[PDB]
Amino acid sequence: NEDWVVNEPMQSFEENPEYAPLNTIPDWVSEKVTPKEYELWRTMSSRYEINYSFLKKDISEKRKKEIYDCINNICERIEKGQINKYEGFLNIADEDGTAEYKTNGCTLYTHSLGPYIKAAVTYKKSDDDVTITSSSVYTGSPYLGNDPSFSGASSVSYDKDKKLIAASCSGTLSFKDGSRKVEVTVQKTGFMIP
């Protein structure tokens, strides 16, 4: 069992279930935003597979400005022909802070049998810039017995145009499915609104 996964749109809802498939928005979302806002998300969903978990929490006005200023800028580039292709996944970090000191994370891949590759990032956000202090890629499973293992490369950087953090991996996920060894080459990218 050798297999290859790349940075392309999902085939079913089930592949990375925490994220909305392209050109869809979970129904519940439409009750948490204005038509103006909803319309930006519609544009955004044409290029990103989006996790809306952040709307399940009280967001300050300072934060709403951040999130929408960001999305607005990205939509302009989508509209201008500039972000013309599938990008990857998108998460919106919480307001939880500590210039502020934050962690955010990102599920880059989830095998149907359960094992996953996740990215975590620690950074400092200020008026002007975002700076990465730490970055991790890790693996695991909801089921005991997989012993997943990831070998290969990953990267993290802040895109100053899109104003997003990009975390990528390119490597091999190995795990046990009982007596069967599974190896999957995984190349994925997830974006984060800092």
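Residue numbers here begin at 1 and follow the sequence given.
*Asks:* Could you bin the unmodelled part of the deposited chain lying between residue 98 and residue 99 as none, 1 to 3, 4 to 9, or 10 or more?
*Replies:* The entry has a long gap there, with 10 or more residues left out between residue 98 and residue 99.
*Asks:* Mean C-alpha B-factor higher for 87 to 95, or for 110 to 118?
*Replies:* Averaging CA B-factors over each stretch, the winner is 87 to 95.
*Asks:* Would you mind comparing 29 to 37 and 60 to 68 for me and telling me which has the higher average C-alpha temperature factor in the entry?
*Replies:* It is 60 to 68 that shows the higher mean C-alpha B-factor.
*Asks:* Going by the entry, which of 153, 55, 167, 50 has the most elevated CA B factor?
*Replies:* Highest C-alpha B-factor among the listed options: 55.
*Asks:* Could you look up the Cα B-factor of residue 12 in the entry and say which third of the chain it sits in: lowest, middle or highest?
*Replies:* Ranked within chain, residue 12 CA B lands in the highest tercile.
*Asks:* Pull the Cα B-factor of residue 136 out of the PDB entry and bin it into the chain's lowest, middle or highest third.
*Replies:* Lowest third.
*Asks:* Lowest, middle or highest third of the chain for the C-alpha temperature factor of residue 126?
*Replies:* Highest third, going by the recorded CA B-factors of the chain.
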